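*Asks:* Experimental structure and sequence below, a few questions after.
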Amino acid sequence: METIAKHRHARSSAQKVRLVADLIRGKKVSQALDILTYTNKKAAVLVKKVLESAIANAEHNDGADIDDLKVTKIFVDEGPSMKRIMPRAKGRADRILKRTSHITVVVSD
Amino acid sequence: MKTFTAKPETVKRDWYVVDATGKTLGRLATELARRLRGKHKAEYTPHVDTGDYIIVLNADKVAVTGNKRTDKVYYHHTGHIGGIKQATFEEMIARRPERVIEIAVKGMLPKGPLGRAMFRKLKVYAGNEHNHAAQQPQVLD
Amino acid sequence: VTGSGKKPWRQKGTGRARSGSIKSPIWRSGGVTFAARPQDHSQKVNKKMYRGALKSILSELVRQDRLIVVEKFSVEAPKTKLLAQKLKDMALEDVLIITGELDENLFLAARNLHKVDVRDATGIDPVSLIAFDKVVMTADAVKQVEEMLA
Amino acid sequence: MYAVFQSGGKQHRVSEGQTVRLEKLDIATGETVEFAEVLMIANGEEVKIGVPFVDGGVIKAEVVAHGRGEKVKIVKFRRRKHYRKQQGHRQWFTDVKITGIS
Amino acid sequence: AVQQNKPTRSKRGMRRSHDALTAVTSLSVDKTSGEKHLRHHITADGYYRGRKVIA
Amino acid sequence: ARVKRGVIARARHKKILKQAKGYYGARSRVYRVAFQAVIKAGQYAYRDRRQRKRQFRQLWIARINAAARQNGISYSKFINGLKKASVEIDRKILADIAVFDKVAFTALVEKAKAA
RNA sequence: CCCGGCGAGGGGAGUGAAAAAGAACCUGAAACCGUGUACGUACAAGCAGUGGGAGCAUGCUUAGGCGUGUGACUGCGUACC
RNA sequence: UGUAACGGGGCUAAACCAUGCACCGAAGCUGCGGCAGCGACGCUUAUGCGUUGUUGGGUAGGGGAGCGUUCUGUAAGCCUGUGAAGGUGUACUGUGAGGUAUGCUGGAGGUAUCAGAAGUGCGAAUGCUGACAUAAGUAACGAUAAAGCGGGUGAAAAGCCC
Ligand SMILES: [Mg+2]
Ligand SMILES: [Mg+2]
Ligand SMILES: [Mg+2]
Ligand SMILES: [Mg+2]
Ligand SMILES: [Mg+2]
Ligand SMILES: [Mg+2]
Ligand SMILES: [Mg+2]
Ligand SMILES: [Mg+2]
Ligand SMILES: [Mg+2]
Ligand SMILES: [Mg+2]
Ligand SMILES: [Mg+2]
Ligand SMILES: [Mg+2]
Ligand SMILES: [Mg+2]
Ligand SMILES: [Mg+2]
Ligand SMILES: [Mg+2]
Ligand SMILES: [Mg+2]
Ligand SMILES: [Mg+2]
Ligand SMILES: [Mg+2]
Ligand SMILES: [Mg+2]
Ligand SMILES: [Mg+2]
Ligand SMILES: [Mg+2]
Ligand SMILES: [Mg+2]
Ligand SMILES: [Mg+2]
Ligand SMILES: [Mg+2]
Ligand SMILES: [Mg+2]
Ligand SMILES: [Mg+2]
Ligand SMILES: [Mg+2]
Ligand SMILES: [Mg+2]
Ligand SMILES: [Mg+2]
Ligand SMILES: [Mg+2]
Ligand SMILES: [Mg+2]
Ligand SMILES: [Mg+2]
Ligand SMILES: [Mg+2]
Ligand SMILES: [Mg+2]
Ligand SMILES: [Mg+2]
Ligand SMILES: [Mg+2]
Ligand SMILES: [Mg+2]
Ligand SMILES: [Mg+2]
Ligand SMILES: [Mg+2]
Ligand SMILES: [Mg+2]
Ligand SMILES: [Mg+2]
Ligand SMILES: [Mg+2]
Ligand SMILES: [Mg+2]
Ligand SMILES: [Mg+2]
Ligand SMILES: [Mg+2]
Ligand SMILES: [Mg+2]
Ligand SMILES: [Mg+2]
Ligand SMILES: [Mg+2]
Ligand SMILES: [Mg+2]
Ligand SMILES: [Mg+2]
Ligand SMILES: [Mg+2]
Ligand SMILES: [Mg+2]
Ligand SMILES: [Mg+2]
Ligand SMILES: [Mg+2]
Ligand SMILES: [Mg+2]
Ligand SMILES: [Mg+2]
Ligand SMILES: [Mg+2]
Ligand SMILES: [Mg+2]
Ligand SMILES: [Mg+2]
Ligand SMILES: [Mg+2]
Ligand SMILES: [Mg+2]
Ligand SMILES: [Mg+2]
Ligand SMILES: [Mg+2]
Ligand SMILES: [Mg+2]
Ligand SMILES: [Mg+2]
Ligand SMILES: [Mg+2]
Ligand SMILES: [Mg+2]
Ligand SMILES: [Mg+2]
Ligand SMILES: [Mg+2]
Ligand SMILES: [Mg+2]
Ligand SMILES: [Mg+2]
Ligand SMILES: [Mg+2]
Ligand SMILES: [Mg+2]
Ligand SMILES: [Mg+2]
Ligand SMILES: [Mg+2]
Ligand SMILES: [Mg+2]
Ligand SMILES: [Mg+2]
Ligand SMILES: [Mg+2]
Ligand SMILES: [Mg+2]
Ligand SMILES: [Mg+2]
Ligand SMILES: [Mg+2]
Ligand SMILES: [Mg+2]
Ligand SMILES: [Mg+2]
Ligand SMILES: [Mg+2]
Ligand SMILES: [Mg+2]
Ligand SMILES: [Mg+2]
Ligand SMILES: [Mg+2]
Ligand SMILES: [Mg+2]
Ligand SMILES: [Mg+2]
Ligand SMILES: [Mg+2]
Ligand SMILES: [Mg+2]
Ligand SMILES: [Mg+2]
Ligand SMILES: [Mg+2]
Ligand SMILES: [Mg+2]
Ligand SMILES: [Mg+2]
Ligand SMILES: [Mg+2]
Ligand SMILES: [Mg+2]
Ligand SMILES: [Mg+2]
Ligand SMILES: [Mg+2]
Ligand SMILES: [Mg+2]
Ligand SMILES: [Mg+2]
Ligand SMILES: [Mg+2]
Ligand SMILES: [Mg+2]
Ligand SMILES: [Mg+2]
Ligand SMILES: [Mg+2]
Ligand SMILES: [Mg+2]
Ligand SMILES: [Mg+2]
Ligand SMILES: [Mg+2]
Ligand SMILES: [Mg+2]
Ligand SMILES: [Mg+2]
Ligand SMILES: [Mg+2]
Ligand SMILES: [Mg+2]
Ligand SMILES: [Mg+2]
Ligand SMILES: [Mg+2]
Ligand SMILES: [Mg+2]
Ligand SMILES: [Mg+2]
Ligand SMILES: [Mg+2]
Ligand SMILES: [Mg+2]
Ligand SMILES: [Mg+2]
Ligand SMILES: [Mg+2]
Ligand SMILES: [Mg+2]
Ligand SMILES: [Mg+2]
Ligand SMILES: [Mg+2]
Ligand SMILES: [Mg+2]
Ligand SMILES: [Mg+2]
Ligand SMILES: [Mg+2]
Ligand SMILES: [Mg+2]
Ligand SMILES: [Mg+2]
Ligand SMILES: [Mg+2]
Ligand SMILES: [Mg+2]
Ligand SMILES: [Mg+2]
Ligand SMILES: [Mg+2]
Ligand SMILES: [Mg+2]
Ligand SMILES: [Mg+2]
Ligand SMILES: [Mg+2]
Ligand SMILES: [Mg+2]
Ligand SMILES: [Mg+2]
Ligand SMILES: [Mg+2]
Ligand SMILES: [Mg+2]
Ligand SMILES: [Mg+2]
Ligand SMILES: [Mg+2]
Ligand SMILES: [Mg+2]
Ligand SMILES: [Mg+2]
Ligand SMILES: [Mg+2]
Ligand SMILES: [Mg+2]
Ligand SMILES: [Mg+2]
Ligand SMILES: [Mg+2]
Ligand SMILES: [Mg+2]
Ligand SMILES: [Mg+2]
Ligand SMILES: [Mg+2]
Ligand SMILES: [Mg+2]
Ligand SMILES: [Mg+2]
Ligand SMILES: [Mg+2]
Ligand SMILES: [Mg+2]
Ligand SMILES: [Mg+2]
Ligand SMILES: [Mg+2]
Ligand SMILES: [Mg+2]
Ligand SMILES: [Mg+2]
Ligand SMILES: [Mg+2]
Ligand SMILES: [Mg+2]
Ligand SMILES: [Mg+2]
Ligand SMILES: [Mg+2]
Ligand SMILES: [Mg+2]
Ligand SMILES: [Mg+2]
Ligand SMILES: [Mg+2]
Ligand SMILES: [Mg+2]
Ligand SMILES: [Mg+2]
Ligand SMILES: [Mg+2]
Ligand SMILES: [Mg+2]
Ligand SMILES: [Mg+2]
Ligand SMILES: [Mg+2]
Ligand SMILES: [Mg+2]
Ligand SMILES: [Mg+2]
């Protein structure tokens, strides 16, 4: 089994969330859950909630067992960006992009 | 029909010694650079380092014609604000006699990774003794 | 196109390609450079060329054996079932039944039949004589067409 | 064993048995060819030439195939002079299997 | 100010090579309870060095 | 009769981007940049079919000149020696014989020594 | 049902012929951004390709080699309009 | 700014004057294929060619012969849920525009042949619309009037309530 879980339209850019997701890759679920408790970032809480989903997701539906489970394929994709007007000096306007991410996690064994 | 090219792994490299005592710098340096490159070999390939290892002992005793002992200058920049340093052929032998053959060969070798690779092959020496007795480096003239 | 003549932004000053109208064909939602106008594509054909072409095509039917000349050709009552049934014996399907005396009974009975067409001897055409796989002409119609083409 | 011979305006150092691609010949798909244009024959004793060709040496070969080579594209392009040209080319060859170094 | 011509994926990557942040890999364990925490920091429940010193 | 040109343009761009496969950065990805690279590749290709014939001749000549000087004759005198003995063998083969069969090659240098 | 804040969002289960038809809903290209596999890449100078070319990885027929990806090193090479 | 007035190394011959055969050396010439333009040739024939010469760099520009696209006639025909168009790969093939066959995706249209008509082919126009990059996780987060601690609720509290 693989047993996916994913946050779609997660309010943070890829680049930032992808920085956390590089910590957890091919690591044991119990070790991976710990790191994000003591990774001083927002995207840690955002990525953890998907993993902690993926484990229950895996254990209830399909695979069972928490000991032998590794984060095989974690990846963050850039989602739809919301355009907003930011007015600048001298009359001109800039179109800022409130970015979103699609965070996927795969918890196999 | 796909002509032969010397495969590095199959290249059987040889060791040589040249006594440079009383030899003309350029005429030595040339014949060295021809060998180092591997031109003399019938399996010469321009993109492979086919040439032989050479030991050039008694570099300080190398001879030069005319007034080049004093007149021949070796310029180099320090890469600095106005740093151009010169050294005559005497002054060069007084400090670094290895540099004379080195520079005279390096100019005659090609310029690039393989050119630098075939320089490494050369082994210049000031004294008559060489510590590469292990390779049985045969005498060349 | 609907829209003002106004320049949206001025000639110089702003770092942007000089525009003169919202309606220009190189802009979106306005222009079409060489817009079509309703036009008449009909072209002149010389009487002698038209007659000559008819004489050319109508003579080639004789060589190919498409032209089936007949005596009296007419359905009994205005009914398709009978006309469809009588072409089985004649061994015909895609045809141009040319008739001098154009019967309403025969006409009405060939309106619904697709591969059959019933033109008058006067109203033969260049495309029709070529299009249909056979051409059934009445002896009166041949006599009329002979005189018409001349 | 190996011998040298001239064929398509050019020479081939060939051995007995192996296939050789050479320039097209006016020959059938599965007939045979005799090269009396032999330049050299090597063995224990080498038979080299002080004249054009050997003497009684004849290379007998059999025609294998009559296909065409890989498509070579030709791109001519004059920078800034509103000129460029395109032209493919497949060269005809004839594979021959050697069956007699005499 | 201002780039003459745009940098690549390659360079952008080359710059980002050092942006990768390090994990802790150094979790403590409280003597009595056996709960994981940061070194020299108190636990979630309220322990430090096997003695309760917090409500 | 309005003609959309999305199907055919794509097919034109995609053809060239297939030829650009292997190039660095935009030169593989971006038509506008690739198309130049693909043309240049063609120009260089056309050129280098000429230079391939040059380079190899030099490569052979260097091998023959190397193999000749082992036996004590220079290339310039060797080829004149072969010409004067009406030998028709080319550089390509002399270079191949020079590498492979030296005991054979030696006989050509003697054959040249006669003239 | 299950994770989550009786959220979002997911995993199921189910409906359908199909749910990468699940409402941000036919098809779903390209730019652009990723995750994994093969090779190359930390003494090397420039339109980044092109002719040569070792090795290595895979596909094959094998008891030769020939495709395919890669491209050490090397001759030539200053984009398009 | 740096040798910086042989391209460099370097040379008393690897300089110069003279002669003498060598060799290298271009897409030049010859060799062996392949294609095409014009002219003769025999008169084959209405043009294939035993041929047979010769030519074939090309901006402005002039003259030929084609590919492809959407639509109309051939077509109430033909190909298509035993899988169309489109998307995406692979393999052949033509001198080129291209063409053919097929894997996966797609889930319903497509269209031979020879004609006809064009909104008929885009890389550039500081082109026009939409999408996405770069700089960059950079500057900045808008008055230098100032915060501190306790409890509360809450998944979570520097900012909310007391
Ligand atoms: Mg939120
Ligand atoms: Mg990384
Ligand atoms: Mg974040
Ligand atoms: Mg986006
Ligand atoms: Mg402002
Ligand atoms: Mg203003
Ligand atoms: Mg000073
Ligand atoms: Mg060079
Ligand atoms: Mg309007
Ligand atoms: Mg006006
Ligand atoms: Mg006005
Ligand atoms: Mg401007
Ligand atoms: Mg509008
Ligand atoms: Mg309009
Ligand atoms: Mg328009
Ligand atoms: Mg009109
Ligand atoms: Mg008109
Ligand atoms: Mg009219
Ligand atoms: Mg009239
Ligand atoms: Mg019909
Ligand atoms: Mg009428
Ligand atoms: Mg001939
Ligand atoms: Mg021009
Ligand atoms: Mg073209
Ligand atoms: Mg600029
Ligand atoms: Mg610029
Ligand atoms: Mg990348
Ligand atoms: Mg950084
Ligand atoms: Mg560790
Ligand atoms: Mg339309
Ligand atoms: Mg377009
Ligand atoms: Mg496209
Ligand atoms: Mg297609
Ligand atoms: Mg194009
Ligand atoms: Mg594509
Ligand atoms: Mg490649
Ligand atoms: Mg490459
Ligand atoms: Mg692309
Ligand atoms: Mg691509
Ligand atoms: Mg040659
Ligand atoms: Mg629970
Ligand atoms: Mg809540
Ligand atoms: Mg509740
Ligand atoms: Mg609950
Ligand atoms: Mg939802
Ligand atoms: Mg939900
Ligand atoms: Mg869902
Ligand atoms: Mg079901
Ligand atoms: Mg069902
Ligand atoms: Mg079912
Ligand atoms: Mg199906
Ligand atoms: Mg499915
Ligand atoms: Mg389902
Ligand atoms: Mg599914
Ligand atoms: Mg299903
Ligand atoms: Mg699908
Ligand atoms: Mg679907
Ligand atoms: Mg779903
Ligand atoms: Mg919904
Ligand atoms: Mg929504
Ligand atoms: Mg919608
Ligand atoms: Mg969408
Ligand atoms: Mg539908
Ligand atoms: Mg789809
Ligand atoms: Mg998609
Ligand atoms: Mg869709
Ligand atoms: Mg797709
Ligand atoms: Mg894409
Ligand atoms: Mg693509
Ligand atoms: Mg990209
Ligand atoms: Mg990346
Ligand atoms: Mg990638
Ligand atoms: Mg990657
Ligand atoms: Mg590696
Ligand atoms: Mg170095
Ligand atoms: Mg290295
Ligand atoms: Mg560099
Ligand atoms: Mg350099
Ligand atoms: Mg350079
Ligand atoms: Mg290449
Ligand atoms: Mg190659
Ligand atoms: Mg291998
Ligand atoms: Mg190179
Ligand atoms: Mg150069
Ligand atoms: Mg270049
Ligand atoms: Mg140039
Ligand atoms: Mg200076
Ligand atoms: Mg100075
Ligand atoms: Mg200088
Ligand atoms: Mg100088
Ligand atoms: Mg000066
Ligand atoms: Mg001076
Ligand atoms: Mg000066
Ligand atoms: Mg010079
Ligand atoms: Mg010179
Ligand atoms: Mg003298
Ligand atoms: Mg002179
Ligand atoms: Mg001469
Ligand atoms: Mg040549
Ligand atoms: Mg030529
Ligand atoms: Mg020529
Ligand atoms: Mg012709
Ligand atoms: Mg003549
Ligand atoms: Mg010419
Ligand atoms: Mg021309
Ligand atoms: Mg002009
Ligand atoms: Mg044609
Ligand atoms: Mg057409
Ligand atoms: Mg077509
Ligand atoms: Mg089509
Ligand atoms: Mg139609
Ligand atoms: Mg109609
Ligand atoms: Mg038909
Ligand atoms: Mg029907
Ligand atoms: Mg049919
Ligand atoms: Mg059929
Ligand atoms: Mg049928
Ligand atoms: Mg069916
Ligand atoms: Mg089905
Ligand atoms: Mg079936
Ligand atoms: Mg099927
Ligand atoms: Mg199928
Ligand atoms: Mg089809
Ligand atoms: Mg259509
Ligand atoms: Mg089609
Ligand atoms: Mg298609
Ligand atoms: Mg198919
Ligand atoms: Mg098949
Ligand atoms: Mg099909
Ligand atoms: Mg599939
Ligand atoms: Mg599917
Ligand atoms: Mg479907
Ligand atoms: Mg449907
Ligand atoms: Mg399907
Ligand atoms: Mg339909
Ligand atoms: Mg049609
Ligand atoms: Mg037409
Ligand atoms: Mg047409
Ligand atoms: Mg027209
Ligand atoms: Mg017209
Ligand atoms: Mg147009
Ligand atoms: Mg354009
Ligand atoms: Mg173009
Ligand atoms: Mg243009
Ligand atoms: Mg543009
Ligand atoms: Mg600008
Ligand atoms: Mg634009
Ligand atoms: Mg950015
Ligand atoms: Mg930050
Ligand atoms: Mg920050
Ligand atoms: Mg900066
Ligand atoms: Mg800063
Ligand atoms: Mg700041
Ligand atoms: Mg501030
Ligand atoms: Mg403030
Ligand atoms: Mg202030
Ligand atoms: Mg209180
Ligand atoms: Mg509190
Ligand atoms: Mg309390
Ligand atoms: Mg409390
Ligand atoms: Mg509470
Ligand atoms: Mg609470
Ligand atoms: Mg809590
Ligand atoms: Mg709680
Ligand atoms: Mg609670
Ligand atoms: Mg708490
Ligand atoms: Mg507080
Ligand atoms: Mg504060
Ligand atoms: Mg505050
Ligand atoms: Mg406050
Ligand atoms: Mg307040
Ligand atoms: Mg209150
Ligand atoms: Mg307060």
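*Replies:* Arrived safely, thanks for sending. Numbering: from 1, shown residues only, chains lettered A, B, ... in the order given. Ligands and ions are numbered 1, 2, ... in the order given.
*Asks:* Please make it C-alpha for all contacts and neighbour counts, starting now.
*Replies:* Fine.
*Asks:* Can you pull the phi and psi angles for the residue nearest to residue B:108 when sequence neighbours are not counted?
*Replies:* Among residues not flanking residue B:108 along the chain, residue B:33 sits closest, at 6.2 Å (C-alpha to C-alpha, 6 or more residues apart in numbering or on different chains). Residue B:33 adopts backbone torsions of phi -60, psi -30, taken as degrees, to the nearest 10.
*Asks:* ok, now how distant is residue B:33 from residue B:26?
*Replies:* Distance, residue B:33 to residue B:26, using C-alpha to C-alpha, to the nearest Å: 10 Å.
*Asks:* and these two? which has more neighbours close in?
*Replies:* The residue with more neighbours, out of residue B:33 and residue B:26, is residue B:33; 24 against 16, by other C-alpha atoms under 10 Å in any protein chain shown.
*Asks:* Longest helix in the chain, please.
*Replies:* Answering for chain A, as no chain was given. In chain A, with assignment by DSSP state H, the single longest helix is helix A:42-57.
*Asks:* um, chain F though
*Replies:* What stands out as the longest helix in chain F, according to DSSP H, is helix F:31-71.
*Asks:* Next SSE downstream of it?
*Replies:* helix F:75-84 (DSSP states H and E).
*Asks:* and that next one with helix F:31-71, angle?
*Replies:* 80 degrees (axes from the mean of the first three to the mean of the last three C-alpha atoms, to 10 degrees).
*Asks:* rewinding a little: centre of the chain to the longest helix of chain A, how far?
*Replies:* Offset of helix A:42-57 from its chain centre (C-alpha atoms, centre = their mean, to the nearest Å): 7 Å.
*Asks:* now for it, which elements pack on it?
*Replies:* Helices and strands touching helix A:42-57, by 3 or more C-alpha pairs under 8 Å, 6 or more residues apart in numbering or on different chains; DSSP states H and E, are strand A:4-10, helix A:14-21, helix A:29-35, strand A:101-108.
*Asks:* Closest residue of chain D to ligand 18?
*Replies:* residue D:82 (44.9 Å; C-alpha to the ion).
*Asks:* Could you check how far that residue is from residue F:8?
*Replies:* 24 Å.
*Asks:* Give me the more crowded residue out of the two.
*Replies:* More neighbours surround residue F:8 than the other of residue D:82 and residue F:8, with 10 against 7 (other C-alpha under 10 Å).
*Asks:* What strand or helix carries the more buried one?
*Replies:* If you go by DSSP H and E, residue F:8 is part of helix F:6-19.
*Asks:* so, in contact with chain D or not, that helix?
*Replies:* No. Remark: helix F:6-19 sits outside contact range of chain D, by C-alpha under 8 Å from any C-alpha of the partner chain, the gap being at least 11.5 Å.
*Asks:* So which bits of the helix or strand just after that helix are buried?
*Replies:* Toward the C-terminus, helix F:6-19 is succeeded by helix F:26-29 as the next helix or strand (DSSP H and E). Across helix F:26-29, burial judged by 16 or more other C-alpha atoms under 10 Å in any protein chain shown covers F:27, F:28, F:29.
*Asks:* And helix F:26-29, how far out from the chain middle?
*Replies:* For helix F:26-29, the distance to the chain centre is 28 Å (C-alpha atoms, centre = their mean).
*Asks:* Repeat that for stretch A:72-89.
*Replies:* For stretch A:72-89, the distance to the chain centre is 14 Å (C-alpha atoms, centre = their mean).
*Asks:* show me where chain D has strands.
*Replies:* Secondary structure of chain D (DSSP state E): strands located at D:3-6, D:11-14, D:19-23, D:33-35, D:38-41, D:59-65, D:72-78, D:83-89, D:93-101.
*Asks:* Just name the most buried of those.
*Replies:* Each of these was scored by mean neighbour count; the highest is strand D:38-41, a mean of 23, by mean count of other C-alpha atoms under 10 Å in any protein chain shown.
*Asks:* So which residues make contact with that one?
*Replies:* Strand D:38-41 is contacted by residues D:1-6, D:46-49, D:52-54, D:57-59, D:101, F:88-89 when judged by C-alpha atoms under 8 Å, 6 or more residues apart in numbering or on different chains.
*Asks:* run the last query once more with 10 Å
*Replies:* Strand D:38-41 has contacts (C-alpha atoms under 10 Å, 6 or more residues apart in numbering or on different chains) with D:1-7, D:11-15, D:46-49, D:51-59, D:101-102, F:87-89, F:104.
*Asks:* Is RNA strand H within reach of it?
*Replies:* No. Judged by C-alpha under 7 Å from any atom of the strand, strand D:38-41 stays clear of RNA strand H, getting no closer than 14.0 Å.
*Asks:* likewise stretch D:42-59?
*Replies:* No. For stretch D:42-59 and RNA strand H, the contact criterion (C-alpha under 7 Å from any atom of the strand) is not met; the two come no nearer than 13.9 Å.
*Asks:* Could you tell me how far stretch B:64-74 lies from the centre of the chain?
*Replies:* Distance, stretch centre to chain centre, for stretch B:64-74: 19 Å (C-alpha atoms, centre = their mean).
*Asks:* what does it rub up against?
*Replies:* Contacting residues not belonging to stretch B:64-74 are listed as B:22-26, B:63, B:85-93, B:100, B:103 [C-alpha under 10 Å, 6+ apart].
*Asks:* And the strands in chain E?
*Replies:* For chain E, applying DSSP E gives strands covering E:28-29, E:36-37.
*Asks:* How about chain C?
*Replies:* Using DSSP E, strands in chain C cover C:67-70, C:95-98, C:116-117, C:134-138.
*Asks:* Chain D is nearest to which of those strands?
*Replies:* strand C:134-138 (50.1 Å; C-alpha to the nearest C-alpha).
*Asks:* Check chain B and tell me which residue is nearest its centre.
*Replies:* The residue lying closest to the centre of chain B (C-alpha atoms, centre = their mean) is residue B:105, at 4.1 Å.
*Asks:* wouldn't that one be in contact with residue B:54 here?
*Replies:* No. When contacts are counted by C-alpha atoms under 10 Å, residue B:105 is not listed as touching residue B:54 (11.9 Å).
*Asks:* Quick check: neighbours shared by these two?
*Replies:* Residues touching both residue B:105 and residue B:54 comprise B:32, B:33, B:36, B:122, with contact defined as C-alpha under 10 Å, 6+ apart.
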